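Asks: Once you've had a glance at the structure underneath, I'll fire off some questions.
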Amino acid sequence: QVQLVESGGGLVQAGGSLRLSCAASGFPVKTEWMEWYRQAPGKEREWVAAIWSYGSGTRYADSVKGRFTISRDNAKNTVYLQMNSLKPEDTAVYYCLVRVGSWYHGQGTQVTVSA
Amino acid sequence: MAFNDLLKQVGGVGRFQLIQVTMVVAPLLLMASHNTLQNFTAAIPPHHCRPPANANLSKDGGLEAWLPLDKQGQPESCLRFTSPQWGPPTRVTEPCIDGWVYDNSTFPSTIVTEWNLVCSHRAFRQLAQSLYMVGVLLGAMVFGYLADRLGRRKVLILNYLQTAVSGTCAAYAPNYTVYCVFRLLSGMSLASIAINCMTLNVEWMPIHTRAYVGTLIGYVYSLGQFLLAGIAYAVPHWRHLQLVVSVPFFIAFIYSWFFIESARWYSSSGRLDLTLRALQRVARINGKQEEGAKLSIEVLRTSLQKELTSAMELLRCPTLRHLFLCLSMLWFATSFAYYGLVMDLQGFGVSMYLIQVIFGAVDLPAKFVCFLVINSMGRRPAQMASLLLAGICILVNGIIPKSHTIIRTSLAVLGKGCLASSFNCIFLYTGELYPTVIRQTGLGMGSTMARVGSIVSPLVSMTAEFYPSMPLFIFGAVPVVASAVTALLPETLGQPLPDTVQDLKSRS
Ligand SMILES: CCCN(CCC)S(=O)(=O)c1ccc(C(=O)O)cc1
């Protein structure tokens, strides 16, 4: 099958940087659509950023444009996601999919912004 | 002495010779309308999965927790999440089995909105056009042969009635297959009326009016496609617009009941009593009777006897088979590319009405340019030119990203204009190239293969899911090859106009 274990959950004060990565298998990091979505407590799971196949392009969110960075790594078949100047409302449970619509969904990683 | 002599005795410019032709060509406007119609009827508005009704649409997050975005930040076409949030305190994706939600921003309700022809089994939209064009070809064959067996007035009446009823019932069609069969019948009638218009008008007109007939039919075609532009700008609903473009055949049938049958067909049919009656009637309508009084049964009997006195031999002769194959392949490629170009305007960005009217505008200058080049430089070099510019237009439109709009639209406009010019050029060349023995059958074969290409055009365009623009790639690849083959064929700037199969090798 395909595994999508993600790690990087922790509590960091606002303005810090946290690197989040998902351990993928069964496919390359540049052969399929790759996106990471966030689900805040009481909010809806909204798309944040994505990485296409073969580095076709990079997209972000309207509230996240110029706020976070989405990167991939084909060596370990993982995508490293890091953000700078975390907003107080950025605290959410992050997750990763397998495509723009795919049968594989990540387990989920929760991060805390606090103050 | 021939029929042209007695016609010029009657005239050729009189009141009848204008009212009959203009009335008979009047429905060609709506013919062009119906041929293009699927473009304004089968538009696909932006759409997405309908969220399940069990879950709340307000407190649960809104219209974003169920519909993944696309590459451009738009909702997915035919896919949705099973759950809004997938938290542990199975399959996640799911097709829109709870229906789809469209938008009424520009197009209120089209066929794809009425029957949900998206994603899986989305090819039915192109299937409808392909089957309509299959009906066109079947009509142009079988109805043409039936008309040759029986006549022209009655066949025109049947075509009018069939077109009107088929259009109305297709407008009020409950199920998809019913609509497709109604389109089949509509094409069956429409191709027959289209060809029989030209054949009747060329039969009733003198020898020095064929160019007049051609330019008139081209002008009416362009004005009718402009008329569709206007009508689409008027009424957006598909049912109302379908009825608006279907009724004028129904009303025109009433005054169509007063057509005059082809006197030449009657003479070729072997009977001359009704022929003499027809000439007396047209003389009465033309207002002259003293000269037509001398017209007696023996008068035209002594006048029309020289002319009175198929495919197997077409394919048997090697040179004739070769040039027929080249000509028919040219017809196929030209018609196929033209309808592939004109049937698609979704990825043009601009409004449908504006692109349609500019398409209407470009045709007349293209006709002028083609006439000038054929009367000054020649017909063949203009032919391969027009195909080269059309092909390059199509490929560069395909490769250029969708973001560019003005350049894409102008380039498609130029491609369509030069393709219509190539259409006039190929018709003229085929008419002036074939020997007189098989000239009519050669025109028929060219038309049939052009209809075959037009038939396969929607089939090719259906494969847009494999790659978003490779239908455009094929549309632009076909007539480059067509120009390549047309680069080799005998040239007709010596005005030979062959009449016997033995003459073609003499010229070349
Ligand atoms: C130069 C006149 C050529 N004509 C043919 C007369 C029968 S036409 O009237 O312009 C015409 C009709 C129908 C179609 C089509 O359905 O593809 C295309 C062209």
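Using Swiss-Prot numbers, chain B covers 1-89, 99-318, 325-523, in order.
Any Cβ shown, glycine's included, is placed from N, Cα and C.
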Asks: Report, based on Swiss-Prot, whether B:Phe3 and B:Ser195 occupy the same side of the membrane.
Replies: no
Asks: Select, from B:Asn39, B:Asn184, the one residue given the annotation N-linked glycosylation site by Swiss-Prot.
Replies: B:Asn39
Asks: Is it possible to list how many residues within the topological domain 'Cytoplasmic' (B:157-164) are helical, extended or coil according to DSSP?
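Replies: So the counts come to 6 helix, 0 strand, 2 coil.
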Asks: Whole-number Å distance between the CA of B:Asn39 (N-linked glycosylation site) and the CA of B:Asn113 (N-linked glycosylation site)?
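Replies: Distance between the two Cα atoms comes out at 17 Å.
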Asks: Whose Cβ, among the glycosylation sites B:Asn39, B:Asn56, B:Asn113, has more other Cβ atoms within 10 Å than any of the rest?
Replies: B:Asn39
Asks: Find the member of B:10-30, B:196-216, B:225-245, B:396-416, B:426-446 that has more C-beta pairs under 8 Å to the transmembrane segment (B:369-389) than any other listed stretch.
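Replies: Comparing B:10-30, B:196-216, B:225-245, B:396-416, B:426-446 against the transmembrane segment (B:369-389), the winner is B:426-446.
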Asks: Taking B:10-30, B:136-156, B:165-187, B:196-216, B:396-416 as candidates, which has the most Cβ pairs under 8 Å with the transmembrane segment (B:426-446)?
Replies: B:396-416
Asks: Return the whole-number Å distance between the Cα positions of B:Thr318 and B:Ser325, the residues flanking a gap of 6 unmodelled residues.
Replies: 17
